[PDB]
Structure formats: structure tokens, C-alpha cells
Amino acid sequence: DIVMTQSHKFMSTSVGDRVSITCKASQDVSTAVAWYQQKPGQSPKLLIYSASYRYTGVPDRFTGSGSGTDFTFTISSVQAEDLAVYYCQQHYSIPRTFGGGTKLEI
Amino acid sequence: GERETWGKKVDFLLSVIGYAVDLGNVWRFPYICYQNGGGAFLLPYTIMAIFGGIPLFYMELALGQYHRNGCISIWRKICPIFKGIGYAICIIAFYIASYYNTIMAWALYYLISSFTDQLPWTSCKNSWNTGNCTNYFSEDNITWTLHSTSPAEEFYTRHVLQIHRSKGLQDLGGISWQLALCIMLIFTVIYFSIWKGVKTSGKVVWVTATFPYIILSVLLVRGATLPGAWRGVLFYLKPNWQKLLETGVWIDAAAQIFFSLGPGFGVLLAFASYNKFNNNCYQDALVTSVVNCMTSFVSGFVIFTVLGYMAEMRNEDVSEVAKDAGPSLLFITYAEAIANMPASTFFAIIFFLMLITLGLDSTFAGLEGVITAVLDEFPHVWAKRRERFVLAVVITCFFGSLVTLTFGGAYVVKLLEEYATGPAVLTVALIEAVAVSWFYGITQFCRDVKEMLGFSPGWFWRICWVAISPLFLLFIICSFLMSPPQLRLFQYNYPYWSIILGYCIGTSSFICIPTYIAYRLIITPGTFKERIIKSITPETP
Amino acid sequence: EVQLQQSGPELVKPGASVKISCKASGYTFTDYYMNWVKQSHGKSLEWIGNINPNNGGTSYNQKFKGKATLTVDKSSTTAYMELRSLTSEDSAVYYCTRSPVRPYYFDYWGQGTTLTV
Ligand SMILES: CCCCCCCCCCCCO[C@@H]1O[C@H](CO)[C@@H](O[C@H]2O[C@H](CO)[C@@H](O)[C@H](O)[C@H]2O)[C@H](O)[C@H]1O
Ligand SMILES: Fc1ccc([C@@H]2CCNC[C@H]2COc2ccc3c(c2)OCO3)cc1
Ligand SMILES: *[C@@H]1O[C@H](CO)[C@@H](O)[C@H](O)[C@H]1NC(C)=O
Ligand SMILES: *[C@@H]1O[C@H](CO)[C@@H](O)[C@H](O)[C@H]1NC(C)=O
Ligand SMILES: [Cl-]
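What am I meant to see in the overall build of chain A here?
Each helix and strand counted, chain A has 0 helices and 7 strands in total. Counted from the first residue to the last, chain A has its helices and strands arranged as β-β-β-β-β-β-β. For a compact globule of 106 residues, the expected C-alpha radius of gyration is about 13 Å, and chain A comes in at 13 Å, within 12% of that figure. Taken over the C-alpha atoms alone, chain A extends approximately 35 × 30 × 25 Å along its principal axes. Burial analysis of chain A (106 residues in total) assigns 53% to the buried set. The long-range share in chain A, meaning contacts at least 24 apart out of those at least 6 apart in sequence, stands at 57%. Taken as a whole, chain A presents about 4700 Å² of accessible surface, with 54% of it coming from carbon and sulfur. Of the side chains in chain A, 9 bear a positive and 8 a negative charge, and the two mean positions are spaced by 3 Å.

The structure is reproduced here in C-alpha cells:
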């Protein structure tokens, strides 16, 4: 299958810096990589699809970048309402597979 | 005495090649190869070609060259109880000339519609398009509803075929005049190109069977340069060795090689009939099979590099865009790909010319086989004016294919493609190989080939003629008759009356064999042993 | 503005069979897929299957051969997922998701049925 991994589940900078988590892909996916934001207890909401286009109704701060193999989620200067886990889903082939995720503490 | 010979030895080779190569090596082989393990499909394909295809091909060629007769007159020299093989082949060839001669009509319509700097199937503001005409991606902002369709798919299912006027196979609705005119033009071309015989055929085959290779090379050069073309080649060549453990891959390989080489159809008998006596048919059959397999490989590369370009421009997984198997892979997917490439007019023109020239020589051979068969069968009422009985068969095939030109034509052509050819041709070829290798005697055949070629065939050929290829065809037949396919086309299933009609059509040709051996009761009455010993043995040479 | 409703928590006997209903409302239900995802307890997500409400088509995961069957009833615009032979190893939260045909972004997600074995 198309396994999708992420960085370590702990390393995340505090408010003020640039929290940028990565997503290594097993096979070459051109740009079909999506990102989600699952707050503790809630359901995951769509943030960015195709790694460069953000979904309608999200703040301008959430930006996605990367293509081919290295995909980076660029959320700089996290506010007091972004503490969640972010998964990395690909649209390459069925079955679709998500990633591990990472919290943003503090 | 009365038979004719080829103008050149290269004419026979080119004719057999043009008969062997068709759209079944352009849209049927790449899909089957990718679905069944990808690059790992080349091993079972090669095995089934070495064991099933080449032996039957060479046996048929040697037989047709020696006995110098069609598919009806030859059985008086092997087993006159199997004379119904010629009539069954005539019926199957009628069905095939009915259904297969419509794909070429669609290609001709696309060709005569592509004469414009802006192709029709690249836009959406037309008179045939509904609100679901979502253009090609070119971006990822626009979403895709489950009812949305590409512009080329809508142009193919609403303008060239007009499937929206027929509510399904239950009612065809009405016949179109555009497709009727195109198929009439192509039938007139076939008739004016096949009337005289092999001497005139081998002169048009020089252009009809060689033109597809130039266009294939041009399309290969164009596809290997497009961005993201490496993905298609990789997905087509990356093997999946886990698939080879399932019998489906081997069944599909056997079916593909049998329908690409096409033995046991009277075409090879007729072509070798007009051949010299001491001609080395061995090398001819070998080089023909090798050329057919290499053409299949090259065309797979050509198709998959362009599908990889599409999966790079659109989203990935060529397996997703190549979801359907049929003429839609060439008229919808590859049509979009051509309309999206630079200089689209010339590429569309040459691609549709390639499709037409790939179908033309195949129809040439398919009709010439039956013509030669019935001529060598009835030389008293026919074969004195060969310019006739060809117009008659062309008119009959046109009247039989008129039912495919209706608005619900895709359903009828798929029903004739999925029931009339496969099992009937497989059973005919199996019983023919049985009659030649068992009843006629493999010793009388090996000594015969030794007399003609100058050397008896090896023990490998005897093994492949006596036990390997008969069990091969029996395996294909048992695999096809065990799993009746529930075919569907454009989100429309087939009812039970459709399956009943398809079963009646598929048996409408094989049933011609037992009725002959039964109705022979009036001709040669007497004890059962008398018939068994007078119908197996051939007449005095 | 467009939310998918589901059932609530329940107790499933290990070895029995249960179902999870997804009542969609807000948009044209017969115009997009209906995908199920299985989120194990404190682990990664996992796509289970696919439902086409136009013709009842299905496309399920390879690791879910005989684990979950997918049916659709477009009368009241609901989506059923029967869980057969359930043990204490996959009983977790189940989400109902909609996604267009091949941008394949999961647009809206359900409320979360914490299915406890
Ligand atoms: C022995 C006498 C027989 C008299 C005639 C009997 C006809 C019976 C009705 C037709 C039988 C089914 O007809 C045949 O079905 C098979 C599968 O089953 C189809 O096969 C299809 O699926 C198979 C996989 O299963 C693929 O390998 C194949 O390439 C594809 O075409 C054939 O395309 C069709 O020709
Ligand atoms: F059942 C089958 C027999 C032969 C095949 C052939 C195998 C080799 N490649 C071309 C295939 C089509 O052959 C034709 C084409 C037009 C015809 C025809 C035969 O009879 C009258 O009009 C396919 C299926
Ligand atoms: C495409 O989507 C991006 C995502 O935010 C947006 O910035 C851009 O304006 C869009 N382009 C359009 C709608 O033409
Ligand atoms: C697409 O087709 C469906 C039915 O085929 C129809 O209900 C729908 O309105 C069409 N889309 C548009 C935009 O008209
Ligand atoms: Cl082939």
C-alpha cells in the first residue's frame, strides 16, 4: 500500500516561531496530499487539499507546500486554538492511507 | 492449375501481419497487461504464446499451404464429417464483420470531425453538452461531482454515438445517418480493395499494414517527451508477482494471445492456400507471431506513456483513468490526451488514421478467408466471376451491421463482441486441431511437413500439437463457460433476455457442426460403423 | 452548515454483528461518495470503504475483506455499515465522510460514534 509517515509526535515549537511538520511519502505522489486538523475529542476537519490549495472557510494562516516526496505543513505562529493533531492523506491510489500525526504543544 | 499465387513473398507476410495486428493490440493488450500484475504479465503471456499460439498458428499455416483450399474445401482431405467447420466459420465471420466494422466507422467519424484547428471534444459550449460538462482539470480548484463528465466522454456518448436517445438495449430507438454513411464508405473501400483477390489485396496491404507502424512510432516519440510520461511506463513495467499466483492472470493471457494471433478461423488457411508449395511457412509463422507480440508491446508503451502524461497533468494512478475496457479507452481517455497535447489536430488525424488502417486489413483478411473458402467449396456456381459474390457478402454484412448503427449501438456491438466470438471460435479451433492432430494422424502430418519443408518438425511440435494446444483450448473453454460475465456499459446493466440472446448467438454457430453430422444421415445411410469409417477417412486424392 | 448525523455509543458483544447509520442532509446526497474511516484508539486513521449512492457501487479496503459491508438507502439519505464478527481489536470511533469523485478530499465528517466492544 501507500504508507504515509510524519515527523516525531512530540517536537513542536511554542507560540511565536514557525511550526512546520513534514510528511514523507513512500511512493512518488505528484501533489495529491491533503492535511487535516483533529482537535482533541472533535472530528477531523479538512484544511488543505492537493498540498497547495486550502479549503473554503479556513484562515489565511494555514498554508501548505511541497510536492513529489517531501510535503510540509506550514503553520507559523500558532494561536491558542490550533492545538490538535494533523494527518497527511494522499489521493494517489485506493486504498487511501493517512499518517501518524503530531500535537502542537504548547 | 486454377489457384493463384502471391505477387511477392513479402505480400503474404504483410497480409498475415495486418490480419494479426488490430485494435486488440492497441486497447486490449495494455489494459489486460496492467490489470494482471503489470510487468509480471509478460511471463504468462510468453508462456501461453509459446505453448498455445505459435503451435496452432504454424499448424494452420502448413495445413492451408499443403492442401491448397479454404476453410470448407480442405475438410474433404482430412475428415469430411467436419465439413461444417467452414459454415460455422462463415457464421462467425458474419457476426464479426457485423460488429467489428462499427469501431472503424466511429474512427472514421472522428477522423472527418477532427479536420479543424480546434477539435470538438476539447470544449464544452456546444449543442450536445449538458450542464455536467466539466472540462479537463488543468487546475485543482474546481471540484468534481459524481455526475460530472469530461467533454470528450460527452462528445463520444452524445454526438458520435448518440447513446442518450436510446434508453438501453430494450429499445434501440433509431438509426443515425452519419454513422451509416461512414460505415457505407468503409464497406465500399473494403469491397473495392478485396474484389479481385490476393493479387490485389497484397498491393493495398503494403500501405494498410505498414502505415500503423509509422504512426505508432510517431506517437511513441511524442509520448516519451511529455512531462510525467515515466509514470505510465513504470506502472506498465513494474511487476506484481503476487498476481501470478491467481489463475485469472493465466486465463486472461491465454485469451489475449488466442484473440491476438487468431488461429482456427479459416483466414490463415485461405492465405496459405495462395502460397507456393515449397515455401518455408515455418519461418513465416515464427516471424509473424514475433512481430505481433512486439507490436503489442510497442503499442502498450505508446498508450501508457500518454496515460502517464495524463496522470501527471490530472491526478495520478493511471489505473483510475484507465477504469473501463473497450473503445472508450481510445475514444475518451486518449481523445482527451490528444486534445490536451500541443498540435492536437495532426496527432488526432494520424491516430484515427492508424485506427482505420488497423481495422481495414483485419477486415480484408476476415472477408478474404470466407470468400476463398466458399469459392474453393462451390467452383461450379462461383469462382468463375470472383468480382461477384463479394458484393453480395459485403451487402449482407452491411445489412447485418445496420443494427449496430442505431442510437443504442454500443450495447449491440458489445453484446456481439462478448458472446459471438469467444466461445464459438475457441470450440471451432479446438475441434479443428483435434481433427487435424488426432483424426488425420500426427504421423501423416509430420511426414507431410517433412515432404514440403524438407525437414520433419521436432518432437516439441508434436507435443504441442497432440496434447499441449488441445488441452490449452479446452482450458480456455472451460474457464469461459464457467464464469458467465455480467457485462455493463456506461452505467447500464444487461437484462436476462440479453444474456439469453447472447447465449443463443454464441451457440448459433457452433450448432452448425452437429447438425451437419446429423443431416448427413440421408447422404450416407447404412450401419453406424459404415458412417464412422466413411466420414473420418478422406476421399481419394 | 452541512453536518452528517450518526448514532450514539453502544455496547457490542464480542463476536456478534452491529451496524452504524449515517444520515446525511444539507446537499444533494446522490452527488458525492460516502466513505467510512476507522480511527483506532489513539492511533492513525484508516479508510474502510466507498459507497456510490447512484448505483450502490462499492470500493472497500484490501484489509477489510470480510470486516464491514456497505449499503446505502437513498430514501431518507442514510448510509449503513454492518460490522460482522467484531472483537476487541477494531472496536473504536467510526466516522462517516463525504468526498467528491477524484479530488478525493474528505469534505465533511460525522460526529463520532465511539463504538465500544
Ligand atoms: C462449447 C460450445 C459453446 C457454445 C457457445 C457457448 C457460449 C456461452 C455464452 C458466452 C460465454 C461467456 O463468454 C465469454 O465470457 C467470458 C468470461 O466468462 C468473457 O471473458 C472476459 O472475462 C475474462 C475473465 O473472466 C477475461 O479473461 C476476458 O478477456 C474477457 O473477455 C468473454 O469475453 C466471453 O466471450
Ligand atoms: F473470434 C475472433 C476471430 C478472429 C479475431 C482476429 C484475430 C487476429 N486479429 C484480428 C481479429 C479480427 O479478425 C477479423 C476482423 C474482421 C472480420 C473477421 C475477422 O471476419 C470477417 O470480418 C478475433 C476474434
Ligand atoms: C484557487 O484556489 C486558491 C486557494 O486559496 C485561491 O487562492 C485562488 O484564488 C483560487 N483561484 C481561482 C478561484 O481562480
Ligand atoms: C448532471 O446529470 C444529472 C443526471 O444525469 C442531472 O440530474 C444534473 O442536473 C446534471 N447536472 C447539471 C449541472 O445539469
Ligand atoms: Cl497481444
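Hey, could you run me through the interface of chain C and chain B in this one?
Many analyses report the size of an interface as the accessible area lost when the parts associate. With 12 residues of chain C at the contact, the number on the chain B side is 11 residues. Three residues stand out in chain C for area buried against chain B, namely C:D31, C:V101 and C:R102, and they jointly supply 59% of the buried area on that side. Run the count over chain C and chain B and you get 0 salt bridges. Across the contact surface, chain C and chain B share 5 residue pairs in polar contact.

Could you clarify how one ought to interpret the site of ligand 4 in this entry?
Residue and element names in this part refer to chain B. Ligand 4 sits among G131, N132 and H147. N132 places a side-chain nitrogen or oxygen 2.4 Å from an oxygen atom of ligand 4. When isolated, ligand 4 has an accessible area of 360 Å², and the protein chains bury 33% of it.

Rules and cut-offs
- Residues numbered from 1 in each chain as written, not as in the entry; some residues may be left out.
- Chains lettered and ligands numbered in written order.
- Heavy atoms only, no water.
- Residues with missing side-chain atoms left out of burial classes, pairs and counts.
- Helix = DSSP H or I, 4+ residues; strand = E, 2+ residues; numbered from the N terminus.
- Rg over C-alpha atoms; globule rule 2.2 N^0.38 Å.
- Buried < 20%, exposed > 50% of the residue type's maximum accessible area, 1.4 Å probe, protein only.
- Contact = heavy atoms within 4.5 Å.
- Areas by Shrake-Rupley, 256 points an atom, 1.4 Å probe, with all protein chains shown as cover.
- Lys, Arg positive; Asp, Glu negative; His and termini not counted.
- Charge placed at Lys NZ, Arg CZ, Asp CG, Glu CD.
- Buried area = accessible area lost by both parts, 1.4 Å probe.
- Salt bridge = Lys/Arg side-chain N within 4 Å of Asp/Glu carboxyl O.
- Polar contact = N/O pair within 3.5 Å; in protein donor to acceptor, adjacent residues only side chain to side chain.
- Near = heavy atom within 4 Å.

Just geometry here; none of it tells us what the structure is for.
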